[PDB]
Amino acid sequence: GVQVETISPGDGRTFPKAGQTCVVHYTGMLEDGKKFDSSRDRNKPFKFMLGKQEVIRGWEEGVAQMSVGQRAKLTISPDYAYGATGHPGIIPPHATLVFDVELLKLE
């Protein structure tokens, strides 16, 4: 699964809808918390848009559960992420990834 634990509030009413472009800043980490990437590294907010299968499952199911301005910890499981194949160069096989995601804007 993708377990969401809030870090910062946001308006508890404006959640993202399918087709809507979610503008976010994230910092991905391995289960031990060791960071592996972040949009802050590029000072570029990662923009993807719900529904259209543009991110791993954990993100679709997780970022949907977030309100604008909310900063939360999505704890995604391999099957909802990169599974046993992992991802060449960054993600080791059978890995649980914790994402600190901050829903910035919607467009």
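One-based numbering along the sequence shown.
Higher mean CA temperature factor between 38-46 and 73-81: 73-81, per the PDB entry. In the PDB entry, a CA B factor belonging to the middle third of its chain's modelled residues is recorded for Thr96. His87: CA B factor lies in the middle third for its chain, per the PDB record. When the modelled residues of the chain are ordered by C-alpha B-factor, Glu54 sits in the lowest third.
Among all modelled residues in its chain, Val23 ranks in the middle third by Cα B-factor.
In the PDB entry, a CA B factor belonging to the middle third of its chain's modelled residues is recorded for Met66.
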